[PDB]
């Protein structure tokens, strides 16, 4: 750029991990951030916090969107949040700061990284919807016109820019279960979806447009990061006292 | 850029000459800078200083490196420093601030200018080695991996950037002779190389890479400047009392 | 020590192509190596030579560390990129403790350890200061003085992965060379002085386990071609080490794995000497002149072994070939006589002359 | 597997009585009764399980 | 971009706990070495001149960077493992101004031995020369030079300190060998050291063995840091 | 980019003069509504069970977001114009924690009517069910539930306030209908309201008409703002 | 029940009058020993390599608990009476952190002898190895290792102190011998000691005898008390 080195790049450091950024972010908060006080009223057992593990920024997925598949409304990622369970077969894995415990709660922060060229144009919109999977109009609210009204961050492809979406804990429990309690009828005690606080929406606000050249890149990768401000666990059990069912995908 | 004029460009002014720069430099110093105190212990004659002439920044050479000749380690300039003697035939010329005097000493400053486009990539490494011509492993230390460990400046071609290399006087004399004393045997009183304090190394750190277009420039010019902070001369003789021999080039 | 090992040294660079539709994908391993003060021989700039020693361009931290037995502290790996503003990417460089290879190493596993995510957006330089995570306080050097047949292991492993694949354009170079550089952290220390695991490249000549024929004995050199009154009345040529009588150059311990019918060849610095008439039945004849010493045949006389000189010529190799065969069959001393002649003495060697089967 | 949760180890060495006060570990604040008025065909579930080994 | 320059640091952890270089061990580790390393081999009778009186047996050039390594099969300490610490330490620097300490061991003799130092003698050799094969007018004991006469009946190891007597600002180390200047013969080496035997009496049949060890001094200094020349690993001396 | 974010404003004029929401009009306009809107229709004799004693006639699920709209030709207030303000206001939010006020009007009867509230009953229906066609063990009056017995001879409109009795942090509104969890049956609705007639005496030939109006309460709150789902214009209900 | 525990004492008498361990005798008796005990035997010419120059004659592994006892008829001091005090004292402990003092006696030679110390060399041998039968690349004198060169004409007993250079918390004593870990090769022994002869000159016909005595140091400590392994009485070495 203008130095023997590149430009000076901003840094974000949490426990045992460092993230680098080069431009100005685009941020927003899901709801009023607070301090949980009724959670101690749900469990008699002492809560546990693991700052060194839970405060860490983790990379979970990277999706590629090309010009040919870039249309207004195109959903690049549509998954139930928070669910970051990755294993060899479709099967929470103990390989990272993840615990096989009955109950938990925490506030989340989502960072989206995109690295485009100086010569492309497009727009991505990353939004979040508290328990959208339980709404009778879920599949109807996936359109970017509806995403604009939900807490969301915007990504410009005509500028290289990062974005962070703060998502404070909001739920009806107020402790969400990490695993299943499957013994119930459909009329009473229906099956409980583990760790389903909401749905994270990223989509195409403006179709990814590239140069008409052959030697020009026609695909761009969208990487995501997730972190937890403060986590509490109150259900202590055997790692295999309860088991993990195959994640029920819910696409439109 | 962003003004009816270009961006504001930094300036460097010495005696009777002005240098312009536009970006941030990359600098380093050969050794601990100091004030000579044992030089007055070598000559009974009063030393002379010519600030108006010696402090001047001079342009001596400009080399062009193309993509086809740009390989890792490619030596763009390999000359004995300080030797800036230029004449019609291979033959120190009195046409500039240069003196035909027996002894002298001074500190040097080397500035390298390169002017690339916004669309090229590559790296140059300008280093200096005190009396490298006298080392038994000279030809072995020309590789960029070895240049990185010597005092050196880096030039990025992906950014237009200048660089300055401060080289304080270091020698075994401590007055180096400008001309030859040739009457000696190889066993005792070997021939003395005039003004040989070291070797200035510029080389290709990263091969010069251009666009694949035909109408695009495939060659880039590397210009150099040299200056003297404080010069002292203590050998007064006739301009032709001693003569200048053809500079013995020493390449690998 | 802190001043020296703080200086950045260059490591083996590598190309980073954006047009490669296979290697330029999310998750691919671009670069990796064990973490230790010295650098892995394959990650260093090398200069090999036939029948000589391999030369490694070691960084300041590595050379010094090879002078000490143990070591500790953080290491500073500076990555320099040959890009321009148009290029864009993101890399995830990690520090995996307790690992020394990439047999079980992936991006989705590297995120579970001390790592950093660098962005390549108008940035050409950055440093990843890796920690010192060890079960112990000090860590033994990976490479050391010849004493055992095993190189010690590094405590950790550094790996660079792709997060967002490099993207360039049509009017810009698709290749971005990456130059990794190493320096020692402010907390870096070296424990105990030991046998250097390095040597100077001033003289890369070496004597491997290759059956070199021992350069006489020590004190029996320099040598020159002379005469001996007990050897054919001093008319033939032998290698002496002194003008005084009974001073013939003795050879050192010749290994018992050498063929009895074999002759030898000079493998180092040699000397010139002047020296035979035509032999019966053959066209073997040596014209009087000055030749360079090349071949030789061992003449044993009790417990002491001497050397007989032969010119470096296709003819001389065959004559020494036969002479070596005649001595193997215990031929009469008078029949082996038609061995080069002694004309005059020759110049002395700088030092010991080497030989080979 | 029971040793991996809130448990107690009682000794029966000249001891005839003891109490194990079990906690209230729940995802929620209040817990619905397992049995109730005829209104549906399903009995609600208890939040936990006690086992003696 | 100075030799030590960190443009953008991404340090995930805190620094390692500071030790002093002498705490979990009991010595202070810095780059100073008075560790003694070898310099030569043995001599026989047939090496010395016909008139071995006031004629030195060895002509030792004085170099801080040691001598030019020469591999032999009689001497594996040079062949399987390269020269000692000192010449690899001096390889990263350009100038020196101190004197050297010499420890010399003579084992096959019980007769007196001398050692003389010639500062102004041009150091134009990279290898020691012995007896007859020594250049004439050399290995002749001089009168007014720094010397030390020692009897092997009392002690057979000589320890002396060779001073720095150069008419210059610095002392050049890592000097080339074969073809000149005025900086390579009078400004590189401390001079030459001559080792001879007081008597002209013949050398014992078994011969004599001279092992010269040396170390750095206090008034010695490695002044300017240069890049390190590419090294060779001793561990790969078998393939 | 928060939901309200203006990057570069180009405002040519000053702002409009501030009114208070109650000045050029006399009421304070904010988003709070205790305006009563309809919820059901009429019942006949042929709908009730053979033994209509202590058997409720209506099973009303309690939802802040109202019931699932069902267009009829007998009831144009649902067909030509969509459901009232309340369910369109709750469509822009996610959670609620308050109770609801119910005003109930029973017109074809001059005999006593009862209304009971079942908080813990799972709200798994999106439409009210009547008489015989009601699930068994439902529409049976319970003993220890909040209730109100009223004579139609005195007043034929019942006004009660249904409390918030959920064992959770919030109350979920805009709940899906057909296939589960544990958050859709006990955490969404306030429960069920049972409306029955004290006597087992047959329903008059003309039948009875029950119109249930409801409103929000004070301890009620729309906690988290969500995006608005796409709406339908009532003005285009003829083409 | 700690290792020292007296539940119910039945002591009929008073205690014995206290002496200090040095009163009716004049030395203070505690468990510290700088008493020197033997470690090896003699060497002949036929044991050394064909090229015995800068080639050590002995490879001595450094163990506080001494070497693995091997009974011979040529050496009765090992056979009739077991190893000295030191290895029986170290048998009741687990860890050590100090250096060892070595006194070495070389009797059949009047030529110079060297002794070098290799701290980082893995101690994987329980017995000393001599000459030709020594593993290659071992018993080769190194350059930058702690060493001491001594002439036998002046004194034929070498006294040196081997330091503690281990990259660990402790030093393990009583190490097993044959089949590993990373604690048995770098954390057990202080390293190896190489003993060689400066000259390549042949060994005298009578051969040379090397007796290595050693003792503990001050910075040495027996840290953790373990149970005593069953012992053997030297008094029953004839039946």
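Letters are used for the chains, namely A, B, C, D, E, F and G, taken in the order the chains are written, and counting of residues starts over at 1 for each.
Quick note on the criterion: a residue touches a chain if its C-beta (ideal position, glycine included) is under 8 Å from a C-beta of that chain, and two chains touch if they have at least 3 such contacts.
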| item | value |
| --- | --- |
| Third chains touching both chain F and chain A | D |
| Dominant chain pairing [most C-beta pairs in contact] | C-E |
| Listed chain pair B-E or A-E that repeats interface A-F [over half of contact pairs the same by residue number] | B-E |
| Chain at maximum distance from chain G, centres defined as averaged CA atoms | F |
| Intercentroid distance (Cα basis), chain F paired with chain E, Å | 102 |
| Centre-to-centre distance between chain E and chain A (centres being mean Cα positions), rounded to whole Å | 68 |
| Distance between chain centroids, defined by C-alpha means - chain C, chain F (Å) | 89 |
| For chain A paired with chain C, centre-to-centre distance based on mean C-alpha positions, whole Å | 54 |
| Chain A: positions in contact with at least two other chains | 1, 3-6, 9, 16-18, 20, 38, 173-174, 181, 184, 187-189, 215 |
| Residues of chain G touching at least two other chains | 51, 53, 137, 140, 142-144, 165, 200 |
| Residue list for chain D, restricted to those that touch at least two other chains | 28-29, 40-41 |
| Interchain contacts, given as pairs of chains that touch | A-B, A-C, A-D, A-E, A-F, B-C, B-E, C-E, C-G, D-F, E-G |
| Residues of chain D that touch chain A when the two form their complex | 1-2, 4-6, 23-29, 40-45 |
| Chain C - residues contacting chain E, complex | 1, 3-4, 6-9, 41, 45, 47, 53-60, 63-64, 66-68, 72-74, 76, 78, 93, 95, 114-116, 118, 123, 125-129, 131-132, 137-138, 143-146, 151, 183, 185-187, 189-193, 195-209, 212, 214-215, 217-220, 222, 241-244, 247, 252, 348, 350-352, 354 |
| Residue numbers on chain G that touch chain E, as the complex places them | 51, 53-55, 111-112, 137, 140-144, 147, 149, 151, 153-154, 163, 165, 198-201, 219 |
| Residue ranges of chain F in contact with chain D within the complex | 118, 120-122, 137-138, 140, 142, 167-169, 186 |
| Chain B residues within the chain C interface of the complex | 72, 118-123, 136-137, 140, 143-146, 148-149, 154, 156-159, 205-207, 209-213, 216 |
